[PDB]
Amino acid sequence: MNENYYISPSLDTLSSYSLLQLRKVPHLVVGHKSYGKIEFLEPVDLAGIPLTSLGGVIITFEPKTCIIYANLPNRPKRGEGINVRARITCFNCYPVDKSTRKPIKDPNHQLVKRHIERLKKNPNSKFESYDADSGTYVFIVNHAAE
């Protein structure tokens, strides 16, 4: 788990958890200091999972994207392990200028209104919020591993 990621509770706190209470881990938060984070809104089962994988093996971040379970998914069934409802936050998801491919950070540009309107259109990720200035996009997904 490189310097970029972080988990809550501590990788330490999680280590001391009873083999039993390592299945009811509530309020789990994994994030990348530069790209965004994912907050699980349901208890998570971290049993049978190497606590350092949640770093950049199981949960991974890249510009505007969040990938769960690298290639060849363990097939977590719904409500199992990590496949649970969660709030994902992606930083710098501004609209892009077509002739430059650079981010348009002005809150009133034509693309803004349309950009938001686009985000609200459920791409299997329920829109919760978009900050015109921050460019921060927040949405909810019912099943993390899907």
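In this text, residue numbers run from 1 along the sequence as written.
Averaged over C-alpha atoms, is the B-factor higher for 84-92 or for 113-121 in this PDB entry?
Averaging CA B-factors over each stretch, the winner is 113-121.
Lowest, middle or highest third: where is residue 41 by Cα B-factor in its chain?
Bottom third by C-alpha B-factor.
Is residue 142 in the lowest, middle or highest third of its chain when residues are ranked by C-alpha B-factor?
Answer is lowest: the recorded C-alpha B-factor places it there.
Using the B-factors in the PDB entry, rank residue 134's C-alpha atom against the chain and give the third, lowest, middle or highest.
Its C-alpha B-factor, which the entry lists for residue 134, ranks in the middle third among residues of this chain.
Ranked by Cα temperature factor within the chain, is residue 59 in the lowest third, the middle third or the highest third?
Middle third.
Sort the modelled residues of this chain by their C-alpha B factor and say whether residue 31 lands in the lowest, middle or highest third.
Lowest third, going by the recorded CA B-factors of the chain.
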